[PDB]
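A.B. asks: I'd like to ask some things about the structure below.
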Amino acid sequence: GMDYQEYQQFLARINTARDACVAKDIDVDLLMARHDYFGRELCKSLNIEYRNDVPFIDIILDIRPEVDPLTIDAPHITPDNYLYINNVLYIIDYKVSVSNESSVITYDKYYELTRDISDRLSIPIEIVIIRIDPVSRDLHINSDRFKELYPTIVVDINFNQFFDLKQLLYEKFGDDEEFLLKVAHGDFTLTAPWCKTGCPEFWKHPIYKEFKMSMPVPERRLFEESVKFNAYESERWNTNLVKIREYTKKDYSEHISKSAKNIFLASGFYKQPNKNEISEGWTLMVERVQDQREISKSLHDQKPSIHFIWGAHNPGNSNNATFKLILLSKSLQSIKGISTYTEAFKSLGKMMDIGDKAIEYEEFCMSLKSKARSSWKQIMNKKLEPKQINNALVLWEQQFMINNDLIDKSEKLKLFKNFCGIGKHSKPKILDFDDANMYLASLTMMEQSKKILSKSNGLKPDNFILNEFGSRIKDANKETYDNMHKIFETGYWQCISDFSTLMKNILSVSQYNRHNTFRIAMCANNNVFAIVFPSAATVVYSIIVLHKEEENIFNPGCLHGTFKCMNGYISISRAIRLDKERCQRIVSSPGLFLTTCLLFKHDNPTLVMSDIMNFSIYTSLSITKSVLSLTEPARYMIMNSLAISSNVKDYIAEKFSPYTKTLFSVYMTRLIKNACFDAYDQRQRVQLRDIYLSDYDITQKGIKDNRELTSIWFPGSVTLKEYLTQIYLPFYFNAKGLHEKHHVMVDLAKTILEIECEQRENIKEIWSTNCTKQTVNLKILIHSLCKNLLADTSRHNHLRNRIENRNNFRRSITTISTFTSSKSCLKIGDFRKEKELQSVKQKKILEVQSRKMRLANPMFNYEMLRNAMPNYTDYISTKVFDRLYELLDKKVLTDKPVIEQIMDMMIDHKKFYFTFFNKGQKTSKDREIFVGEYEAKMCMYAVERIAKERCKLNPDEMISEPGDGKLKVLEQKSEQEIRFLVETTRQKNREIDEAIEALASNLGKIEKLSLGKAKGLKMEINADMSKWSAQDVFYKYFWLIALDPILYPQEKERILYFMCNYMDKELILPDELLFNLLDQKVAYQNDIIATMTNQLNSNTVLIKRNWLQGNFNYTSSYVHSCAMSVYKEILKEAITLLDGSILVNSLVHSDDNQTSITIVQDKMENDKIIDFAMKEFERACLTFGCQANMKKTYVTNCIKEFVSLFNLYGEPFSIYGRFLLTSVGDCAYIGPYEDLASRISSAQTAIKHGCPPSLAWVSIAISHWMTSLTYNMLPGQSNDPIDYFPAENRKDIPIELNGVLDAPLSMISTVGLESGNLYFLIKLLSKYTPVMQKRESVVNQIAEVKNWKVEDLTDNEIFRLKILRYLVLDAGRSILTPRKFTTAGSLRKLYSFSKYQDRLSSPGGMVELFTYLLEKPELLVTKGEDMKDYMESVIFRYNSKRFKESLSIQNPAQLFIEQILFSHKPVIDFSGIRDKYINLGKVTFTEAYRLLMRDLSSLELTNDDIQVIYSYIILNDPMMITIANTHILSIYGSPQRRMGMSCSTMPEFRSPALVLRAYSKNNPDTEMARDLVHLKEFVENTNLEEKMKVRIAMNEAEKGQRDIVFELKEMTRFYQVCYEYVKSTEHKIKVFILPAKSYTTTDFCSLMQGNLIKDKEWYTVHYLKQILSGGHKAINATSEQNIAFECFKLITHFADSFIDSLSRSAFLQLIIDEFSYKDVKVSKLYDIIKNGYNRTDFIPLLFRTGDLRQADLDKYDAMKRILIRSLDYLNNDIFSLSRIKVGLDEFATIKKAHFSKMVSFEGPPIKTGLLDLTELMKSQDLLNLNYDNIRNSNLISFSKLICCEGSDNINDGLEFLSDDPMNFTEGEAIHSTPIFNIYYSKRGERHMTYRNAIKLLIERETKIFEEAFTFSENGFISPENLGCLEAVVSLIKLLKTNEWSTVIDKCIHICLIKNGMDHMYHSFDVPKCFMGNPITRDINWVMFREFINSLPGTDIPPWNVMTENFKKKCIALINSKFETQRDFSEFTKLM
RNA sequence: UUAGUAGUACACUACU
Ligand SMILES: [Zn+2]
């Protein structure tokens, strides 16, 4: 990026400097260094000459020197650069800054002065100031004339390297306040106050009394003093803040020492995990569980592991519906024996008989299905009636009627009372997992499963996934394709998939399942069936299977019993009562399952594939809560047990509680138990990779991947990365929303009331010194607040200004999202009236639904609560957008500034109320959400937001960093430590290491000195705080508001009052919880809920110290940061004692914490400091009121846990798996494209977090599978659109119609779904383009499109383009989307929806809205900027029936079934499809394909229509421009192993609602005026201004009068398509893990491309031309130049690196003339360099050719006193093209380029004795700049570099190679606790030249070739063998020159030239033996043939296989020559 | 709103 020379000198100046005024100048010099750097590279980007601080009076003299500068008055300014074209002078003053505030100042200053001579000379002078952003990198130019000149400018600039120097300078001097004084943009500017008057009540409040009670009396007054302090009044802002700092400095200075001095007190005794410590924990766990749960040893109490019973399919019987129905009927009737429900199952088969009348079932059912398939809506009013067939009364296809005559009254009861459990109505029941005869039973269940499921399907291993994605999986990694087959083949896959396909059909049936009906559900298996019994939503089902022989059935613990029938055996499973939410997951279980297996097995050959799948079905299908209780606690139980410092005992003895209800759970528990002990013995089995560090980051970082560790869930060995996956991944198998709300509300309530009681009874004291639970070290707090509050205001002065802007404090409440959102909200008051009326309605609807059930199968309160509970404070649920509307209409909210309204609300609202609703997430331990009043939301907003922008300043806080941005931060901080550790070790041990190499004589004396030295120590505290919210003093936060400098006194009074009320805040127990406790039935022994509510009197309990979970994150997080800031100071004083160095780095995120400590020792042992660090860690937490959970907290020597994002020893790594398990049931079930959109987004996310392409593609397959399974769009399904459309396969069917996503992953990762459309257009620009222009930019290939011929194209090719233009372009672009008939639902709670009723009811008032909205069309798309505007927007919104539904929650489970059932019904309205073709009702999916073709065939494809596609898609979006370029200019290079992974940021490829108001009326309300100009162009170029008006203007003559509906609906479309153009998208933080650091776009592109090709090897990427094009106005000049630079940089270095010094000019001269780099002649590139204005870059090149003149030297010398003859003399002994002396010791620079580019050279061969330097250029292996790599290289690699034309003495011929020394890589151990070797590049000695390397290679490798090709006991001598050699090398020329043969020839050649036998080799033709007659050149193939067989061969590596293949090839080939398949008639003609 | 009466409608259908 930047120059290396200036970096080194600026780094040294930071250490050299001591005083702040010296450090000041280093910051000033760094600005100019960046200033010129931007200018140097931009001048080449614009092709102009570079200049610096050139006077304006001289700039005119270049244009017109006839008038002298004295008489003509020119403005005396100092511009940077100038240009004169088109009779206009353009003045340049480039500058790099974040804001244009510094640019407009210099703009108007220049514009004013330049006008003095602008009218004097009558030549207009334009000011062109170019500014670039130093982080986001965006170009900003003010000149409009300059915009039209340069359409696109190349800006791949690097500031990343500049900020590295800034970090160093603001580290040493950043602590000193003398340096902070010098950096200022106003010193300190405090903005306008948010309030006018203070708060008197705050000083009176009893909580403020209680605050000062505990506090000491000097502190009491200080708090008074601090609040009343105004920062704007006193001379400086830090008057008070420093004053209170200096008071507490007595106790602080002492307490910092106190903690630090404990380093000597410590011992080598810390909570370390050990086999016994784990064992002890388990035993106390057993005791706990055996009390807390009812332990059972009986095998009848178990629950099903899986809720399914699979049995082998029967191919002998027919696979057809009607047949199976009767088959199961007779089968069920035929059941023989006696049980409980035997005669019940018997009659059920009897009630589904058809027999003779099989054909009547085929018709009757098809009529009913056809009746429903006609209508969009369901068939209402008409009564469904059954038809008597044999004994059964069929109601629908596979639906029957329960006939009360066919079953006994007693036998009907048995089935429903006992078996189905309809009418059945104290510890939990669990299985003893410590019983070996229970663990046995559990193991035998697995042994049983493996015995049956391992057996193959025997059916074709070809399903949609493999059929359509197999190709794209296989090419990524062939292993995974096979792995997939291995699964699909095995009964495992058929078992799950048939349960999936069966459940889909169980749900589909269960929807219309009545109370007098039992339904039958069949699957792809013709033995497996299911019976769905009447449900009293709840699905009641049994799996009924007809397995072959007895016990050829899989029972996981689900089966009721097997039964013998009259033909075979039939088994019926226990009645399962599951919920649709659970069942859904079972349907998507195969996708979950495949991923599980593939992820585990991936690239690990030691694992048993049949054992992975054996475990996987029991996970992917496990829907019980038994499993979650294992999967979650395991993650910590393993990691704790393999960490260094960690408390396992306590975690296993308290936090671990198995709920082993099922039988898999028992087996899985013991898998975990065992895995805990294996960890302890593997702690030291972890190794640390050899770190190849050579300045600016490291490649080959992180942990060593060694397969020495042991797996957890199955047998085999595993890698660390894989071990971690096996540890953490299990938890993501867990299922969401399993927690029954009835139980959650109780346990959530109980906990809050338990911890509040704790505080009420036990915790009384607030502050303390000894450090105790819920206590803060008040003196230490106040100081550490003061110190940080200073540094978080000194580093940014406008801090109060930044808060106002970024959080919209000044603007009206109606603008901020958090307030105008559709989130849940709590309303307080009295609703006893409507709450009673809303309840009794449902209590009647209860009886309504019961009355109807009494007729068919006779099986069978809010008033009470209010009457019973006296002190019941009444509340209600509402919406956040609705509350705002309510508070405005009743006028308490206004257009007053939101903060100004907040301040008043803090003092107005005095009592705060909060309610909780459960999340019920995948975790077994349930999480609560506290949601209270809207009034509260406003208060917390300010307090939290003020802390937000404060927290952002501190780099330690990470809640500030949105998205997965933390991952890179982990890395950047880990790398800083790995570097520091090395740097510091080399700085101390250098004195000792010198003596070691000196003596190494006797080695017995060396060990004495090698012991007594410095010792490295790294450690990471992977923390997790205990009860961050509940067990935390809220009183401490009062001080943060008090001490605050950027808060006014009248604000400070008001903030603290609200917080004073947030102590007397009440928790409302929601009614649903109170209803559970309403019906007593004997109360709880010790009822905590009743205790706190006084035997249930009030529904409110007061919560004090427990500030509610998530309400004060940032606030608490700043105090956390302040706490860890102390921990730093503690250790940093402790390590100065021992005399060494320490680097502590703390990452803070509310409750999740990570703190990395790196120490270089001298005195005491490493293990002492380990215990010391942990002591002060808890101390640091507890001195601030927070307590650290030592249970979950673990410490490693590498690993970093932080928010579950993991960084290893530099190498960042997340659990790629967790995101692949999302693409299964994560969608809103809207449409085929709409579903896939989010399912592929989940796959895109995996790639970010370092996922292999092979597995990435799997998710893409699964996603498609589920997507197509939802709407019956799979191959062979109903809506299968391959026959309906013209196409070969689903790759060619548009993804809008649902097909497959045919694109490269490197595109899908970037854009996705749209990629599939983009690839179909790039395919064309690689088919329908000529030989010229195709190799050039994409832009050029788009110009040729309008010169194509339409007739050339094919049916499919035409088909895409027609939809792509007439449909896709304008309409998340979908065409097919099913519409529903859903109802609005109950919207009574809403106030705002009532005001729509009143405006709809009263006549005229409706139209009045729409007529008002037409004069303000800004309020159709965006919400109002003012009260009325926002309010009336809310009412209009209700117009949409979709927005009315949006505020109601539909179950995705129910939504899923509704898209299956409504697929054969008319759902897609064609009206909205045909409208576009023209500019009936709903249409069925099948008909939608037909009716699309009837319209499509009519449309016309032109040479223009196609050119609109290539404009609107490619040429419009600068991103799509580059993506297409990257895939056309792509040149994939060297395949390499993924050694070093690094984090990389996604690059850039680039007023809202107020602008649209200035479009409605052209007058705005200055910068916003300029924004409308480009908006005018957008609407005029597309011409959508007229197109919209014409569409309305001709509709009023179509309809008749004035339709207000069309007046708006068409006007809204016009404003919504504006929104996307006007309101710009925020470039959110996206981090991709790549094989190296991506600085700029091009770098990112190359590394991204190469990461998503193969799994085993990543590839480095090249490009012919620049890929970064900006549009279709910008059509090469800037793409050419850089090629010339690359070329000559490459050549000069290749020449001075490898070619002999003596003959380097000749080489260059030969290369320049007859050669070409990247299809451009090197001469033309040289001419481009010579005609350029940066010749100073290529001084040594120009001198060597004789194209260097004095002007260049004079310029070069002026950039950073010379003569030509001086150079001519000086460089008489320096022979290099990359370097010439331009002084006494100053050499010239050529700037080295990478050597992976030399392949892009194409010229005639240059032969040098024997070597062909062209082939050395074209070589891959022999281009490394490492001596050892080339010395220890293969002869196969070198054998390409030989021609020799009969040379001699190989030693002589190698004279044309560099006899200059090469660079070797040396490595050394670092002497850390995690001991690793650093490897770096040295310069070797002298005898390490390129020649000697080649020679040593030749010698070593030829010796091995000789002994392999002896074929006798002689050698490479003895003509008896030379004859054999001649024979073997003869055939090689008379056969076929493939690739294997030629190598042998050239190797033999080499070997014979070496031995001095190259005076005959060239005169070696076929011997006399083989040649019958010498003259008559006849060949005896038979002889030759038998000669090849008669060759013995050798088995020495590496030639053993080489020779073997050669022989076979040559034999086969020879035999081929003979074998000529002649025509049968041919010979019959000749003779 | 309130009450009474009569109703409430459909997927897989496979190499198995
Ligand atoms: Zn030769």
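By order of appearance in the structure tokens: chains A, B, ..., then residues from 1 within every chain, and ligands from 1 in the order shown.
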Using only C-alpha atoms (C1' of nucleotides), determine which residues lie at most 7 Å from region 764-767 of chain A, disregarding the query and same-chain residues fewer than 3 positions distant; provide the list as a PyMOL selection string.
C.D. replies: chain A and resi 214+775-778
A.B. asks: Hey, can you spit out that residue selection with N, CA and C atoms as a PDB file, in the first residue's frame?
C.D. replies:
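Result file follows (out_15.pdb):
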ATOM      1  N   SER A 214     -26.271   5.757  53.444  1.00  0.00           N
ATOM      2  CA  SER A 214     -25.071   4.880  53.416  1.00  0.00           C
ATOM      3  C   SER A 214     -23.817   5.702  53.089  1.00  0.00           C
ATOM      4  N   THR A 775     -22.653  -5.197  46.413  1.00  0.00           N
ATOM      5  CA  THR A 775     -21.947  -4.083  47.101  1.00  0.00           C
ATOM      6  C   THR A 775     -20.912  -3.468  46.148  1.00  0.00           C
ATOM      7  N   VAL A 776     -20.719  -2.145  46.225  1.00  0.00           N
ATOM      8  CA  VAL A 776     -19.806  -1.360  45.337  1.00  0.00           C
ATOM      9  C   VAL A 776     -18.796  -0.592  46.206  1.00  0.00           C
ATOM     10  N   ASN A 777     -17.507  -0.640  45.845  1.00  0.00           N
ATOM     11  CA  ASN A 777     -16.404   0.081  46.539  1.00  0.00           C
ATOM     12  C   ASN A 777     -16.487   1.570  46.173  1.00  0.00           C
ATOM     13  N   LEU A 778     -17.352   2.297  46.889  1.00  0.00           N
ATOM     14  CA  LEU A 778     -17.871   3.641  46.519  1.00  0.00           C
ATOM     15  C   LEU A 778     -16.719   4.588  46.172  1.00  0.00           C
TER      16      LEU A 778
END
A.B. asks: Counting only C-alpha atoms and all ligand atoms, what are the residues of chain A within 7 Å of ligand 1, and for each of them which pair of atoms is the nearest and at what distance in Å, to one decimal? Sort the table by chain and rising number, as JSON lines.
C.D. replies:
{"residue": "A:1843", "atom": "CA", "partner": "ligand 1", "partner_atom_place_in_ligand_line": "1 (Zn)", "distance": 6.9}
{"residue": "A:1844", "atom": "CA", "partner": "ligand 1", "partner_atom_place_in_ligand_line": "1 (Zn)", "distance": 4.7}
{"residue": "A:1845", "atom": "CA", "partner": "ligand 1", "partner_atom_place_in_ligand_line": "1 (Zn)", "distance": 6.0}
{"residue": "A:1846", "atom": "CA", "partner": "ligand 1", "partner_atom_place_in_ligand_line": "1 (Zn)", "distance": 4.2}
{"residue": "A:1847", "atom": "CA", "partner": "ligand 1", "partner_atom_place_in_ligand_line": "1 (Zn)", "distance": 4.9}
{"residue": "A:1848", "atom": "CA", "partner": "ligand 1", "partner_atom_place_in_ligand_line": "1 (Zn)", "distance": 6.7}
{"residue": "A:1949", "atom": "CA", "partner": "ligand 1", "partner_atom_place_in_ligand_line": "1 (Zn)", "distance": 5.7}
{"residue": "A:1950", "atom": "CA", "partner": "ligand 1", "partner_atom_place_in_ligand_line": "1 (Zn)", "distance": 6.9}
{"residue": "A:1953", "atom": "CA", "partner": "ligand 1", "partner_atom_place_in_ligand_line": "1 (Zn)", "distance": 5.3}
{"residue": "A:1958", "atom": "CA", "partner": "ligand 1", "partner_atom_place_in_ligand_line": "1 (Zn)", "distance": 5.0}
{"residue": "A:1961", "atom": "CA", "partner": "ligand 1", "partner_atom_place_in_ligand_line": "1 (Zn)", "distance": 6.9}
A.B. asks: Can you tell me, as a ChimeraX atom specification, which residues in region 766-927 of chain A count as strand (DSSP E or B) by DSSP?
C.D. replies: /A:767,776,812,824-828,875-879,897,913-918
A.B. asks: Quick check: residues of chain B within 6 Å of chain A, only C-alpha atoms (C1' of nucleotides), returned as a VMD selection string.
C.D. replies: chain B and resid 7 to 9 11 to 14 16
A.B. asks: Write out as an NGL selection string the set of residues from region 536-714 of chain A that DSSP, computed on the backbone, places in helix (DSSP H, G or I).
C.D. replies: :A and (580-587 or 589-601 or 609-620 or 628-642 or 648-655 or 663-680 or 683-685)
A.B. asks: Fewer than 5 positions away in the same chain doesn't count, so skip those; otherwise give me all residues within 9 Å of residue 89 (chain A), counting only C-alpha atoms (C1' of nucleotides), as a ChimeraX atom specification.
C.D. replies: /A:60,82-84,123-127
A.B. asks: For the residues in that selection, give me N, CA, C and O atoms as a PDB file, in the first residue's frame.
C.D. replies:
ATOM      1  N   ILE A  60      -0.622  30.620 -14.536  1.00  0.00           N
ATOM      2  CA  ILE A  60      -1.120  31.420 -15.697  1.00  0.00           C
ATOM      3  C   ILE A  60      -0.004  31.503 -16.749  1.00  0.00           C
ATOM      4  O   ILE A  60      -0.318  31.380 -17.960  1.00  0.00           O
ATOM      5  N   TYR A  82      -3.058  21.812 -11.279  1.00  0.00           N
ATOM      6  CA  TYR A  82      -3.853  22.614 -12.249  1.00  0.00           C
ATOM      7  C   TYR A  82      -3.962  21.875 -13.589  1.00  0.00           C
ATOM      8  O   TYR A  82      -3.168  20.947 -13.840  1.00  0.00           O
ATOM      9  N   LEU A  83      -4.920  22.295 -14.423  1.00  0.00           N
ATOM     10  CA  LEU A  83      -5.185  21.735 -15.777  1.00  0.00           C
ATOM     11  C   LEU A  83      -5.972  22.763 -16.601  1.00  0.00           C
ATOM     12  O   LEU A  83      -6.893  23.383 -16.033  1.00  0.00           O
ATOM     13  N   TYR A  84      -5.622  22.928 -17.883  1.00  0.00           N
ATOM     14  CA  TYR A  84      -6.251  23.888 -18.831  1.00  0.00           C
ATOM     15  C   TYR A  84      -6.709  23.142 -20.093  1.00  0.00           C
ATOM     16  O   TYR A  84      -5.860  22.838 -20.957  1.00  0.00           O
ATOM     17  N   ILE A 123     -11.215  34.538 -19.065  1.00  0.00           N
ATOM     18  CA  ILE A 123     -11.103  33.048 -19.052  1.00  0.00           C
ATOM     19  C   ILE A 123     -11.651  32.550 -17.714  1.00  0.00           C
ATOM     20  O   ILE A 123     -11.073  32.842 -16.669  1.00  0.00           O
ATOM     21  N   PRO A 124     -12.776  31.796 -17.696  1.00  0.00           N
ATOM     22  CA  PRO A 124     -13.367  31.330 -16.440  1.00  0.00           C
ATOM     23  C   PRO A 124     -12.525  30.230 -15.773  1.00  0.00           C
ATOM     24  O   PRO A 124     -12.119  29.305 -16.456  1.00  0.00           O
ATOM     25  N   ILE A 125     -12.288  30.368 -14.465  1.00  0.00           N
ATOM     26  CA  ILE A 125     -11.443  29.452 -13.639  1.00  0.00           C
ATOM     27  C   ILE A 125     -12.361  28.703 -12.664  1.00  0.00           C
ATOM     28  O   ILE A 125     -12.969  29.370 -11.803  1.00  0.00           O
ATOM     29  N   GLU A 126     -12.455  27.375 -12.801  1.00  0.00           N
ATOM     30  CA  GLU A 126     -13.349  26.504 -11.987  1.00  0.00           C
ATOM     31  C   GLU A 126     -12.542  25.882 -10.841  1.00  0.00           C
ATOM     32  O   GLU A 126     -11.431  25.388 -11.108  1.00  0.00           O
ATOM     33  N   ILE A 127     -13.087  25.904  -9.619  1.00  0.00           N
ATOM     34  CA  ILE A 127     -12.453  25.332  -8.392  1.00  0.00           C
ATOM     35  C   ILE A 127     -12.856  23.856  -8.282  1.00  0.00           C
ATOM     36  O   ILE A 127     -14.068  23.585  -8.161  1.00  0.00           O
TER      37      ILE A 127
END
A.B. asks: Would you mind reading off the distance between CA of residue 615 (chain A) and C1' of residue 15 (chain B), one decimal, in Å?
C.D. replies: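 Atom-to-atom, CA of residue 615 (chain A) and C1' of residue 15 (chain B) are spaced 27.7 Å apart.
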A.B. asks: Please compute the CA of residue 463 (chain A)-CA of residue 323 (chain A) distance, one decimal, in Å.
C.D. replies: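 Distance reported for this atom pair: 25.1 Å.
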